[PDB]
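Listing of protein.txt, compact mmCIF, C-alpha atoms and all ligand atoms
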```txt
# COMPACT_ATOMS: atom_id res chain seq x y z
CA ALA U 1 13.66 22.16 8.99
CA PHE U 2 11.03 19.77 10.29
CA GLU U 3 11.87 17.18 12.87
CA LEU U 4 10.67 13.72 13.66
CA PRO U 5 8.64 14.03 16.83
CA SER U 6 9.60 11.69 19.69
CA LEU U 7 7.27 8.77 20.22
CA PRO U 8 4.74 9.58 23.09
CA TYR U 9 5.68 6.32 24.89
CA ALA U 10 8.59 3.78 25.21
CA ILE U 11 9.12 1.50 22.10
CA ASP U 12 7.90 -1.57 23.92
CA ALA U 13 4.95 0.18 25.50
CA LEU U 14 2.46 -1.03 22.93
CA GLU U 15 3.47 -4.68 23.33
CA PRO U 16 1.97 -7.04 22.60
CA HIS U 17 -0.46 -5.19 20.31
CA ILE U 18 2.14 -3.42 18.33
CA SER U 19 5.68 -4.68 18.57
CA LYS U 20 8.85 -2.90 19.50
CA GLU U 21 10.18 -3.93 16.05
CA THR U 22 7.22 -2.43 14.20
CA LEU U 23 7.76 0.85 16.10
CA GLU U 24 11.45 1.02 15.22
CA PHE U 25 10.68 0.56 11.49
CA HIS U 26 7.43 2.47 11.39
CA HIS U 27 8.40 5.46 13.42
CA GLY U 28 12.20 5.30 13.22
CA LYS U 29 12.39 4.59 9.47
CA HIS U 30 9.11 5.33 7.56
CA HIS U 31 7.95 8.42 9.48
CA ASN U 32 11.61 9.58 9.57
CA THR U 33 11.90 9.28 5.77
CA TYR U 34 8.90 11.54 5.13
CA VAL U 35 10.61 14.12 7.30
CA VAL U 36 13.94 14.07 5.40
CA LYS U 37 12.23 14.00 2.03
CA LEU U 38 10.09 17.00 2.96
CA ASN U 39 13.20 18.81 4.28
CA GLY U 40 14.73 18.03 0.89
CA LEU U 41 11.91 19.45 -1.24
CA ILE U 42 11.24 22.83 0.47
CA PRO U 43 14.56 24.71 0.45
CA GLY U 44 14.29 27.88 -1.65
CA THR U 45 10.55 27.32 -2.27
CA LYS U 46 7.48 29.17 -1.01
CA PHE U 47 6.75 26.42 1.48
CA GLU U 48 10.16 27.06 3.05
CA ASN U 49 8.96 28.90 6.09
CA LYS U 50 5.42 27.57 6.47
CA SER U 51 4.21 25.29 9.32
CA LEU U 52 3.56 21.63 8.49
CA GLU U 53 -0.17 22.21 8.44
CA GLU U 54 0.03 25.24 6.11
CA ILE U 55 2.06 23.05 3.82
CA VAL U 56 -0.34 20.14 3.71
CA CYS U 57 -3.23 22.46 3.16
CA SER U 58 -1.56 24.23 0.24
CA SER U 59 0.67 21.75 -1.54
CA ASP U 60 0.70 19.20 -4.32
CA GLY U 61 2.32 16.08 -5.62
CA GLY U 62 5.52 15.14 -3.77
CA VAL U 63 5.51 18.05 -1.28
CA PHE U 64 1.95 17.13 -0.30
CA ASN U 65 2.67 13.35 -0.09
CA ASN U 66 5.49 13.85 2.33
CA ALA U 67 4.09 16.65 4.45
CA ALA U 68 0.67 14.93 4.79
CA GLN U 69 2.37 11.68 5.64
CA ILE U 70 4.44 13.33 8.42
CA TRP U 71 1.20 14.81 9.79
CA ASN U 72 -0.75 11.57 9.44
CA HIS U 73 1.85 9.49 11.29
CA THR U 74 2.23 12.01 14.14
CA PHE U 75 -1.60 11.91 14.60
CA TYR U 76 -1.44 8.08 14.42
CA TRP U 77 1.16 7.69 17.21
CA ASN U 78 -1.13 10.00 19.27
CA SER U 79 -4.23 7.84 18.60
CA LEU U 80 -2.51 4.99 20.53
CA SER U 81 -1.53 4.59 24.20
CA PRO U 82 -0.24 1.89 26.58
CA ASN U 83 -2.95 3.39 28.82
CA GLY U 84 -5.70 3.34 26.21
CA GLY U 85 -7.91 0.62 24.84
CA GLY U 86 -11.23 -0.66 26.00
CA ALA U 87 -14.41 1.34 26.33
CA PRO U 88 -14.65 4.96 25.23
CA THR U 89 -15.09 7.69 27.90
CA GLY U 90 -16.45 11.24 28.11
CA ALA U 91 -17.73 13.37 25.24
CA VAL U 92 -16.62 10.98 22.48
CA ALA U 93 -18.28 7.92 24.25
CA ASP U 94 -21.66 9.75 24.11
CA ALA U 95 -21.09 11.16 20.59
CA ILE U 96 -20.42 7.60 19.43
CA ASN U 97 -23.71 6.39 20.96
CA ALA U 98 -25.50 9.33 19.26
CA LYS U 99 -24.38 8.31 15.76
CA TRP U 100 -24.13 4.52 15.86
CA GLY U 101 -26.45 3.70 18.83
CA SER U 102 -23.73 1.73 20.62
CA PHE U 103 -19.95 1.45 20.89
CA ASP U 104 -20.11 -2.15 19.56
CA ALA U 105 -21.98 -1.00 16.42
CA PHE U 106 -19.34 1.70 15.98
CA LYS U 107 -16.47 -0.80 16.32
CA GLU U 108 -18.09 -2.98 13.66
CA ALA U 109 -18.67 -0.10 11.34
CA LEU U 110 -15.04 1.14 11.60
CA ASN U 111 -13.63 -2.38 11.24
CA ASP U 112 -15.71 -2.86 8.12
CA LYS U 113 -14.48 0.47 6.65
CA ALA U 114 -10.93 -0.41 7.56
CA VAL U 115 -10.72 -3.97 6.17
CA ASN U 116 -12.18 -2.81 2.89
CA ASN U 117 -9.96 0.30 2.63
CA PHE U 118 -8.20 -0.78 -0.61
CA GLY U 119 -4.43 -0.25 -0.99
CA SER U 120 -2.28 2.06 1.18
CA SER U 121 -4.77 4.06 3.20
CA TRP U 122 -6.12 5.56 6.39
CA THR U 123 -9.44 5.10 8.24
CA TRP U 124 -10.48 8.07 10.41
CA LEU U 125 -12.94 8.86 13.16
CA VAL U 126 -13.84 12.49 12.38
CA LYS U 127 -16.18 15.18 13.73
CA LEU U 128 -18.30 16.94 11.06
CA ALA U 129 -19.65 20.50 10.86
CA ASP U 130 -22.97 19.52 12.45
CA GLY U 131 -21.04 18.37 15.55
CA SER U 132 -21.64 14.67 14.72
CA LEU U 133 -19.02 11.82 14.46
CA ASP U 134 -18.40 9.93 11.26
CA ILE U 135 -16.02 7.34 9.75
CA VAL U 136 -14.12 8.26 6.54
CA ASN U 137 -11.37 6.47 4.53
CA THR U 138 -8.51 8.29 2.76
CA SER U 139 -5.99 6.74 0.41
CA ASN U 140 -2.20 7.02 0.29
CA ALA U 141 -1.39 10.43 1.90
CA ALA U 142 -4.78 12.12 1.74
CA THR U 143 -6.11 13.41 5.05
CA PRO U 144 -9.35 14.97 6.25
CA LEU U 145 -7.19 17.77 7.72
CA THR U 146 -7.80 19.44 4.32
CA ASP U 147 -11.62 19.11 4.23
CA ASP U 148 -13.62 22.12 5.47
CA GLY U 149 -15.76 21.36 8.45
CA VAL U 150 -14.12 17.95 9.05
CA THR U 151 -12.04 17.59 12.28
CA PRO U 152 -9.75 14.50 12.61
CA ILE U 153 -10.43 12.70 15.91
CA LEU U 154 -8.48 9.38 15.65
CA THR U 155 -6.78 7.47 12.81
CA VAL U 156 -5.70 3.94 12.00
CA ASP U 157 -2.81 3.46 9.49
CA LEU U 158 -3.70 0.75 7.03
CA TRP U 159 -0.60 1.01 4.83
CA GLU U 160 0.82 -2.53 5.03
CA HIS U 161 4.00 -1.50 6.88
CA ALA U 162 1.79 -0.53 9.81
CA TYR U 163 1.09 -4.21 10.63
CA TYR U 164 2.89 -6.65 8.35
CA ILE U 165 5.62 -7.58 10.77
CA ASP U 166 3.14 -8.36 13.47
CA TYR U 167 0.09 -9.63 11.67
CA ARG U 168 1.19 -10.30 8.07
CA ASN U 169 -1.96 -10.16 5.84
CA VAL U 170 -4.67 -10.34 8.48
CA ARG U 171 -6.02 -6.84 9.05
CA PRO U 172 -8.64 -7.94 11.55
CA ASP U 173 -5.85 -9.14 13.86
CA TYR U 174 -4.21 -5.78 13.57
CA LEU U 175 -7.53 -4.07 14.30
CA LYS U 176 -8.04 -6.14 17.42
CA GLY U 177 -4.58 -4.73 18.45
CA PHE U 178 -5.61 -1.13 17.67
CA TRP U 179 -8.75 -1.43 19.86
CA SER U 180 -6.58 -2.51 22.80
CA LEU U 181 -4.55 0.67 22.23
CA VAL U 182 -7.04 3.44 21.20
CA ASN U 183 -6.21 6.65 23.01
CA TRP U 184 -9.63 7.94 24.17
CA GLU U 185 -7.93 10.88 25.97
CA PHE U 186 -6.49 12.08 22.60
CA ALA U 187 -9.91 11.50 21.00
CA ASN U 188 -11.73 13.61 23.60
CA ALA U 189 -9.10 16.35 23.32
CA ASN U 190 -9.63 16.59 19.51
CA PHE U 191 -13.39 16.41 19.88
CA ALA U 192 -13.47 19.27 22.41
CA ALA N 1 -15.42 -20.01 -10.69
CA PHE N 2 -11.92 -18.69 -11.05
CA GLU N 3 -9.03 -20.63 -9.55
CA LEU N 4 -5.69 -19.66 -8.05
CA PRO N 5 -3.06 -20.82 -10.61
CA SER N 6 -0.17 -22.89 -9.33
CA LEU N 7 3.12 -21.10 -8.67
CA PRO N 8 5.21 -21.63 -11.87
CA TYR N 9 8.28 -22.80 -9.75
CA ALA N 10 8.91 -24.38 -6.26
CA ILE N 11 8.14 -22.14 -3.14
CA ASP N 12 11.83 -21.84 -2.39
CA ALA N 13 13.00 -21.44 -5.98
CA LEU N 14 13.45 -17.65 -5.82
CA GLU N 15 15.71 -17.73 -2.77
CA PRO N 16 17.71 -15.81 -1.71
CA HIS N 17 15.95 -13.07 -3.67
CA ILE N 18 12.35 -13.55 -2.65
CA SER N 19 11.86 -15.95 0.24
CA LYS N 20 9.84 -19.06 0.77
CA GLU N 21 7.77 -17.24 3.35
CA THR N 22 7.00 -14.23 1.07
CA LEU N 23 5.82 -16.67 -1.58
CA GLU N 24 3.70 -18.57 0.99
CA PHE N 25 1.87 -15.38 2.03
CA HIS N 26 2.03 -13.44 -1.28
CA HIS N 27 0.89 -16.23 -3.49
CA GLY N 28 -0.74 -18.56 -0.95
CA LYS N 29 -2.80 -15.86 0.72
CA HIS N 30 -2.91 -12.47 -0.92
CA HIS N 31 -3.39 -13.79 -4.46
CA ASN N 32 -5.89 -16.39 -3.27
CA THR N 33 -8.01 -13.87 -1.42
CA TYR N 34 -8.49 -11.89 -4.69
CA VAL N 35 -9.75 -15.10 -6.25
CA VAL N 36 -12.19 -15.93 -3.41
CA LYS N 37 -13.41 -12.32 -3.31
CA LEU N 38 -13.95 -12.09 -7.06
CA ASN N 39 -15.85 -15.41 -7.08
CA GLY N 40 -17.88 -13.99 -4.21
CA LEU N 41 -18.93 -10.96 -6.28
CA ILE N 42 -19.73 -12.40 -9.75
CA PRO N 43 -23.05 -14.26 -9.27
CA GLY N 44 -26.12 -12.26 -10.27
CA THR N 45 -24.12 -9.69 -12.34
CA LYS N 46 -23.26 -9.39 -16.04
CA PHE N 47 -19.79 -10.65 -15.27
CA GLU N 48 -21.45 -13.96 -14.77
CA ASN N 49 -19.90 -15.83 -17.72
CA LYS N 50 -16.96 -13.66 -18.77
CA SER N 51 -13.22 -14.46 -18.90
CA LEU N 52 -10.96 -12.80 -16.29
CA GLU N 53 -9.68 -10.41 -18.96
CA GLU N 54 -13.19 -9.49 -20.15
CA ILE N 55 -14.09 -8.60 -16.61
CA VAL N 56 -11.03 -6.49 -15.85
CA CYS N 57 -11.65 -4.67 -19.12
CA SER N 58 -15.30 -3.90 -18.45
CA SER N 59 -15.48 -3.73 -14.67
CA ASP N 60 -15.58 -1.17 -11.94
CA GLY N 61 -15.20 -0.74 -8.18
CA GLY N 62 -14.84 -4.03 -6.26
CA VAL N 63 -15.22 -6.44 -9.20
CA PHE N 64 -12.36 -4.59 -10.90
CA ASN N 65 -10.00 -4.40 -7.86
CA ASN N 66 -10.31 -8.14 -7.36
CA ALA N 67 -10.19 -9.29 -10.95
CA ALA N 68 -7.34 -6.98 -11.93
CA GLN N 69 -5.34 -8.03 -8.85
CA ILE N 70 -5.74 -11.67 -9.84
CA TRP N 71 -4.61 -10.89 -13.35
CA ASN N 72 -1.78 -8.66 -12.20
CA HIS N 73 -0.36 -11.26 -9.72
CA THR N 74 -0.55 -14.04 -12.31
CA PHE N 75 1.41 -11.75 -14.66
CA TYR N 76 3.91 -10.98 -11.81
CA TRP N 77 4.76 -14.64 -10.94
CA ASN N 78 5.43 -15.25 -14.67
CA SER N 79 7.63 -12.11 -14.71
CA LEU N 80 10.17 -13.92 -12.32
CA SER N 81 12.07 -17.22 -12.60
CA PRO N 82 14.72 -19.35 -10.83
CA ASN N 83 16.39 -19.12 -14.22
CA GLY N 84 15.92 -15.46 -15.12
CA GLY N 85 17.99 -12.39 -14.22
CA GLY N 86 21.08 -10.89 -15.76
CA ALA N 87 21.15 -9.36 -19.22
CA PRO N 88 18.04 -9.21 -21.49
CA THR N 89 18.21 -11.34 -24.68
CA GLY N 90 16.57 -11.48 -28.12
CA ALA N 91 13.93 -9.06 -29.33
CA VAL N 92 13.33 -7.41 -25.90
CA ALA N 93 17.04 -6.72 -25.36
CA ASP N 94 17.21 -4.92 -28.73
CA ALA N 95 14.00 -2.88 -28.30
CA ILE N 96 15.37 -1.76 -24.91
CA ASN N 97 18.54 -0.65 -26.75
CA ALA N 98 16.33 1.11 -29.38
CA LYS N 99 14.40 3.06 -26.78
CA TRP N 100 16.85 3.74 -24.02
CA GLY N 101 20.21 3.43 -25.79
CA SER N 102 21.43 0.73 -23.31
CA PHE N 103 20.28 -1.91 -20.88
CA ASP N 104 21.74 0.18 -18.05
CA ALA N 105 19.86 3.39 -18.93
CA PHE N 106 16.66 1.29 -19.02
CA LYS N 107 17.41 -0.34 -15.66
CA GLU N 108 18.12 3.01 -14.01
CA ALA N 109 14.90 4.43 -15.58
CA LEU N 110 12.73 1.56 -14.23
CA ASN N 111 14.29 1.61 -10.74
CA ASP N 112 13.55 5.35 -10.57
CA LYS N 113 9.94 4.79 -11.67
CA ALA N 114 9.55 1.98 -9.14
CA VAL N 115 11.13 3.52 -6.04
CA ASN N 116 9.04 6.63 -6.53
CA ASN N 117 5.79 4.86 -7.21
CA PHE N 118 3.92 6.05 -4.08
CA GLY N 119 1.63 3.74 -2.04
CA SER N 120 0.45 0.35 -3.36
CA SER N 121 1.30 0.14 -7.03
CA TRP N 122 2.92 -1.68 -9.94
CA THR N 123 5.72 -0.62 -12.29
CA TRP N 124 5.37 -2.01 -15.80
CA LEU N 125 7.50 -2.74 -18.86
CA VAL N 126 4.96 -2.32 -21.76
CA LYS N 127 5.10 -2.49 -25.58
CA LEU N 128 3.29 0.56 -27.05
CA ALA N 129 1.07 0.71 -30.17
CA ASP N 130 3.89 2.22 -32.21
CA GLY N 131 5.95 -0.94 -31.47
CA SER N 132 8.29 0.78 -29.04
CA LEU N 133 8.93 0.09 -25.29
CA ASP N 134 8.12 2.19 -22.30
CA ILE N 135 7.81 2.09 -18.54
CA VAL N 136 4.50 3.00 -16.93
CA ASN N 137 3.31 3.01 -13.29
CA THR N 138 -0.18 2.02 -12.09
CA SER N 139 -1.67 2.47 -8.58
CA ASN N 140 -3.54 -0.14 -6.53
CA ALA N 141 -5.17 -2.49 -8.98
CA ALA N 142 -4.87 -0.45 -12.18
CA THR N 143 -3.14 -2.29 -15.05
CA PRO N 144 -2.03 -1.54 -18.69
CA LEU N 145 -4.12 -4.51 -19.77
CA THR N 146 -7.00 -2.03 -20.02
CA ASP N 147 -4.97 0.51 -22.11
CA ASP N 148 -6.03 -0.14 -25.75
CA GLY N 149 -3.18 -1.11 -28.02
CA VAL N 150 -0.71 -1.21 -25.10
CA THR N 151 0.80 -4.70 -24.48
CA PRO N 152 2.03 -5.66 -20.95
CA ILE N 153 5.53 -7.22 -21.12
CA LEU N 154 6.79 -7.50 -17.45
CA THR N 155 5.66 -6.09 -14.04
CA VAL N 156 7.08 -5.75 -10.53
CA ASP N 157 4.67 -5.59 -7.61
CA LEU N 158 5.41 -2.73 -5.24
CA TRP N 159 2.60 -3.25 -2.77
CA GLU N 160 4.46 -3.62 0.56
CA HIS N 161 3.50 -7.26 1.15
CA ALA N 162 5.57 -8.11 -1.92
CA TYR N 163 8.82 -7.28 -0.04
CA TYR N 164 8.32 -6.30 3.58
CA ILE N 165 9.15 -9.72 4.99
CA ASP N 166 12.46 -9.87 3.15
CA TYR N 167 13.43 -6.20 2.85
CA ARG N 168 11.28 -4.17 5.22
CA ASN N 169 11.26 -0.57 3.97
CA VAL N 170 14.05 -0.69 1.45
CA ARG N 171 12.65 -0.97 -2.06
CA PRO N 172 16.03 -0.76 -3.74
CA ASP N 173 17.15 -4.02 -2.09
CA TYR N 174 13.92 -5.61 -3.30
CA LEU N 175 14.64 -4.21 -6.75
CA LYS N 176 18.09 -5.85 -6.67
CA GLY N 177 16.29 -9.14 -6.12
CA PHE N 178 13.88 -8.43 -8.95
CA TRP N 179 16.74 -7.84 -11.47
CA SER N 180 18.23 -11.19 -10.35
CA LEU N 181 14.94 -12.95 -11.15
CA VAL N 182 13.62 -11.07 -14.28
CA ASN N 183 12.15 -13.65 -16.61
CA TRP N 184 13.40 -12.45 -20.02
CA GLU N 185 11.73 -15.41 -21.78
CA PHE N 186 8.28 -14.31 -20.63
CA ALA N 187 9.11 -10.73 -21.69
CA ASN N 188 10.13 -11.97 -25.18
CA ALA N 189 7.05 -14.26 -25.42
CA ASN N 190 4.81 -11.26 -24.56
CA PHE N 191 6.72 -8.96 -26.94
CA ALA N 192 6.56 -11.42 -29.85
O1 LIG U 201 7.14 12.67 -5.23
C1 LIG U 201 7.25 12.10 -6.54
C2 LIG U 201 5.87 11.91 -7.16
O2 LIG U 201 5.06 11.03 -6.36
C3 LIG U 201 3.79 10.74 -6.99
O3 LIG U 201 3.95 10.14 -8.28
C4 LIG U 201 4.58 8.85 -8.17
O4 LIG U 201 3.67 7.91 -7.58
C5 LIG U 201 2.47 7.77 -8.36
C6 LIG U 201 1.52 6.82 -7.65
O5 LIG U 201 1.23 7.28 -6.32
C7 LIG U 201 2.83 7.20 -9.72
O6 LIG U 201 1.63 7.06 -10.51
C8 LIG U 201 3.81 8.12 -10.43
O7 LIG U 201 4.26 7.49 -11.64
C9 LIG U 201 5.02 8.36 -9.54
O8 LIG U 201 5.89 9.31 -10.17
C10 LIG U 201 3.01 12.03 -7.15
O9 LIG U 201 1.76 11.71 -7.78
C11 LIG U 201 3.82 12.99 -8.00
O10 LIG U 201 3.13 14.24 -8.14
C12 LIG U 201 5.15 13.24 -7.29
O11 LIG U 201 5.94 14.20 -8.02
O1 LIG U 202 -14.55 -3.73 -3.03
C1 LIG U 202 -14.92 -2.79 -2.02
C2 LIG U 202 -14.69 -1.37 -2.53
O2 LIG U 202 -13.29 -1.16 -2.75
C3 LIG U 202 -13.04 0.20 -3.14
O3 LIG U 202 -13.51 1.08 -2.11
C4 LIG U 202 -12.81 0.85 -0.87
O4 LIG U 202 -11.44 1.28 -0.96
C5 LIG U 202 -11.30 2.69 -1.19
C6 LIG U 202 -9.82 3.05 -1.25
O5 LIG U 202 -9.18 2.32 -2.29
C7 LIG U 202 -11.93 3.46 -0.04
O6 LIG U 202 -11.77 4.88 -0.27
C8 LIG U 202 -13.40 3.09 0.09
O7 LIG U 202 -13.95 3.73 1.25
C9 LIG U 202 -13.52 1.59 0.26
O8 LIG U 202 -14.91 1.22 0.29
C10 LIG U 202 -13.74 0.49 -4.46
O9 LIG U 202 -13.48 1.83 -4.90
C11 LIG U 202 -15.24 0.29 -4.27
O10 LIG U 202 -15.92 0.51 -5.52
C12 LIG U 202 -15.47 -1.14 -3.81
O11 LIG U 202 -16.87 -1.40 -3.62
FE FE U 203 2.62 4.34 8.15
FE FE U 204 0.96 -8.39 -4.54
```
Kindly return the structure encoded in the file as structure tokens.
Ligand SMILES: OC[C@H]1O[C@H](O[C@H]2O[C@H](CO)[C@@H](O)[C@H](O)[C@H]2O)[C@H](O)[C@@H](O)[C@@H]1O
Ligand SMILES: OC[C@H]1O[C@H](O[C@H]2O[C@H](CO)[C@@H](O)[C@H](O)[C@H]2O)[C@H](O)[C@@H](O)[C@@H]1O
Ligand SMILES: [Fe+3]
Ligand SMILES: [Fe+3]
Amino acid sequence: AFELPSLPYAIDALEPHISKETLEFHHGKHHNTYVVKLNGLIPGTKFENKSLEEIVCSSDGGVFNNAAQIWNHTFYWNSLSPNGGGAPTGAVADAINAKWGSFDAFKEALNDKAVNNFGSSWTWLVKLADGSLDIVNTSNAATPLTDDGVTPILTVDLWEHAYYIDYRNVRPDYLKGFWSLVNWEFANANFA
Amino acid sequence: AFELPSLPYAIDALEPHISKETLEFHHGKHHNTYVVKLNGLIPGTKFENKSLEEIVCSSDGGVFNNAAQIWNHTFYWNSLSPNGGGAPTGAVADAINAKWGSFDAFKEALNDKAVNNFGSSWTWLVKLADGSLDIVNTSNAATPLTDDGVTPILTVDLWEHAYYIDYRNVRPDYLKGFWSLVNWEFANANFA
């Protein structure tokens, strides 16, 4: 059966951007629930002995919602670090300048995509077939993991549980937090 | 320009089922924002002189998400009451018995529709063209108001901001509060 991965850092490590309480609900409860629900839908079925990724790339309805959500959250914990934040570095820093002209223009373009991402959703930094970086929004459990030629680089969870405890309704406050946490090492790893 | 309607009861009137703070943010901020946004989008478009309902029934993209959310939230506040809850009465009570056999079968049916309504969404009690009752789910800003010959009777908001402050991730606890606040008079007024 699938397991809930351990968080890549201590539960208070993202303070004060993301609270210890948010992490216990978000990772300990929400992410956990997608794991048990998936574990509850696959016994006996054809997805029974497939990896998480084979499942999200070949499933539907409830099996897809849960498997994609487990995958999205794991990627999300990885896009954050108590050692991240600030200016981008390496390959991704230059790729960002190539597409948007400057990091600041990129921040503004992602923030705009994120605040207007209606309902439960995800905003992704992705690498396209032509080697270039782009920003795409998915809704509910959808993920670019399933689009040919699109490689997920970083993600920001915009479902309301991702920030309500800490920022209530103001997404820009949450996004300011994200930027202080962005894991550029994870980004560069996915990009290369 | 559209206006945020007043809450139909005091900000603490739904306690201990839905808190003063949820009402302050849910009505005071979330609902308001849909109003400001919609007002921001109408000038220079055909929706220039239309009624809220005319817009939601003939709109698309952003004009629709904002207008429908205003309509939906107005409908939701009316669907609760410091004096609701408990058993259904009058015509609605009997139609529920006609369709589901018992109030309890109906309640279990709606809870199941609601807890499984994935992402931001609404679970609705509607009166169909053939006169009978049914339960339908909509996602994000969708609403039965646009379904021809389908009459909205009661709704429960399942976007996370509707309950996260008071119940975090557990929708069933939120649903317990909803059944303690159901406004059967509004349901009967809408059904009649
Ligand atoms: O896993 C159960 C089902 O989840 C989804 O359907 C629910 O959520 C939808 C909105 O996201 C509602 O419209 C629907 O009424 C709910 O049943 C999924 O779409 C289904 O395929 C799953 O079986
Ligand atoms: O009002 C702004 C737009 O809202 C919707 O589009 C946003 O939300 C979608 C998810 O619900 C995203 O996929 C999309 O990227 C966002 O722009 C609406 O569909 C648009 O028509 C509105 O213009
Ligand atoms: Fe999440
Ligand atoms: Fe709401």
Quiz item: How far is it from atom CA of residue 64 of chain U to atom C3 of ligand LIG 201 (chain U), in Å with one decimal?
Solution: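 Taking atom CA of residue 64 of chain U and atom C3 of ligand LIG 201 (chain U), their separation equals 9.4 Å.
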Quiz prompt | Two-atom distance - atom CA of residue 20 of chain N, atom CA of residue 181 of chain N (Å) | solution =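 For atom CA of residue 20 of chain N relative to atom CA of residue 181 of chain N, the distance reads 14.3 Å.
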Quiz item: Computed after least-squares fitting of chain U to chain N on all C-alpha atoms in order, what is the RMSD in Å?
Solution: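 That gives an RMSD of 0.3 Å.
For ligand LIG 202 (chain U), the set of protein, DNA and RNA residues within 6 Å, based on only C-alpha atoms and all ligand atoms, reads residues 116, 117, 118, 119, 137, 138 and 139 of chain U; 61 and 62 of chain N.
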Exercise. Could you check which of N:162, N:150, N:42, N:55 is closest to ligand FE 204 (chain U), using all atoms listed in the file?
Key: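 Among N:162, N:150, N:42, N:55, it is N:162 that comes nearest to ligand FE 204 (chain U).
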Self-check item: Selected residue of minimal separation from ligand LIG 201 (chain U) among N:14, N:141, N:36, N:92, counting only C-alpha atoms and all ligand atoms
Solution: N:141
Exercise. Do me a favour and pick out the residues of chain U within 6 Å of chain N, using only C-alpha atoms, as number ranges by chain.
Key: U: 119-120, 140, 160
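Here the selection is built from only C-alpha atoms, and the residues within 12 Å of (-19.1, 15.9, 8.7) turn out to be residues 99, 124, 125, 126, 127, 128, 129, 130, 131, 132, 133, 134, 135, 136, 144, 147, 148, 149, 150, 151, 152 and 153 of chain U.
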Save out the residues we just selected, C-alpha atoms, as a PDB file, keeping the file's coordinate frame.
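again_17.pdb was written with the following content:
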```pdb
ATOM      1  CA  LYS U  99     -24.380   8.310  15.760  1.00  0.00           C
ATOM      2  CA  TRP U 124     -10.480   8.070  10.410  1.00  0.00           C
ATOM      3  CA  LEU U 125     -12.940   8.860  13.160  1.00  0.00           C
ATOM      4  CA  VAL U 126     -13.840  12.490  12.380  1.00  0.00           C
ATOM      5  CA  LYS U 127     -16.180  15.180  13.730  1.00  0.00           C
ATOM      6  CA  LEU U 128     -18.300  16.940  11.060  1.00  0.00           C
ATOM      7  CA  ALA U 129     -19.650  20.500  10.860  1.00  0.00           C
ATOM      8  CA  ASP U 130     -22.970  19.520  12.450  1.00  0.00           C
ATOM      9  CA  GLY U 131     -21.040  18.370  15.550  1.00  0.00           C
ATOM     10  CA  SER U 132     -21.640  14.670  14.720  1.00  0.00           C
ATOM     11  CA  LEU U 133     -19.020  11.820  14.460  1.00  0.00           C
ATOM     12  CA  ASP U 134     -18.400   9.930  11.260  1.00  0.00           C
ATOM     13  CA  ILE U 135     -16.020   7.340   9.750  1.00  0.00           C
ATOM     14  CA  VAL U 136     -14.120   8.260   6.540  1.00  0.00           C
ATOM     15  CA  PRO U 144      -9.350  14.970   6.250  1.00  0.00           C
ATOM     16  CA  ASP U 147     -11.620  19.110   4.230  1.00  0.00           C
ATOM     17  CA  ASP U 148     -13.620  22.120   5.470  1.00  0.00           C
ATOM     18  CA  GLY U 149     -15.760  21.360   8.450  1.00  0.00           C
ATOM     19  CA  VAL U 150     -14.120  17.950   9.050  1.00  0.00           C
ATOM     20  CA  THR U 151     -12.040  17.590  12.280  1.00  0.00           C
ATOM     21  CA  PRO U 152      -9.750  14.500  12.610  1.00  0.00           C
ATOM     22  CA  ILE U 153     -10.430  12.700  15.910  1.00  0.00           C
TER      23      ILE U 153
END
```
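The smallest atom-to-atom distance between residue 71 of chain U and any of U:179, U:103, U:52, U:166, using all atoms listed in the file, is found for U:52.
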Practice problem: Could you tell me how far atom CA of residue 18 of chain N lies from atom CA of residue 172 of chain U, in Å and to one decimal? | Solution: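 Here the two named atoms are 26.0 Å from each other.
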Self-check item: segment 73-84 of chain N environment, 6 Å, only C-alpha atoms, sequence neighbours closer than 5 positions dropped, as JSON, numbers by chain
Solution: {"N": [13, 14, 154, 155, 181, 182, 183]}
Expected file: the selected residues, C-alpha atoms, as a CSV table (one decimal), keeping the file's coordinate frame:
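Result file is again_11.csv:
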```csv
chain,number,residue,atom,x,y,z
N,13,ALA,CA,13.0,-21.4,-6.0
N,14,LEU,CA,13.4,-17.6,-5.8
N,154,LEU,CA,6.8,-7.5,-17.4
N,155,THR,CA,5.7,-6.1,-14.0
N,181,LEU,CA,14.9,-13.0,-11.2
N,182,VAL,CA,13.6,-11.1,-14.3
N,183,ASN,CA,12.2,-13.6,-16.6
```
Self-check item: Distance criterion (only C-alpha atoms and all ligand atoms): nearest to ligand LIG 201 (chain U) out of N:123, N:32, N:188, N:180
Solution: N:123
Exercise. Take the point (17.9, 0.9, -18.3) in the file's coordinates, draw a sphere of radius 12 Å around it, and report as a PyMOL selection string every protein, DNA or RNA residue with an atom inside or on it, counting all atoms listed in the file.
Key: chain N and resi 87-88+93-113+125+133-135+179
Exercise. For each of U:28, U:2, U:184, U:146, take the minimum atom-to-atom distance to residue 48 of chain U, counting only C-alpha atoms, then give the residue where this is smallest.
Key: U:2
Can you report as AutoDock Vina command-line options the centre and edge lengths in Å, to one decimal, of an axis-aligned box around the listed atoms of segment 113-130 of chain U padded with 4 Å on each side?
```
--center_x -12.6 --center_y 8.3 --center_z 6.4 --size_x 28.7 --size_y 32.5 --size_z 22.7
```
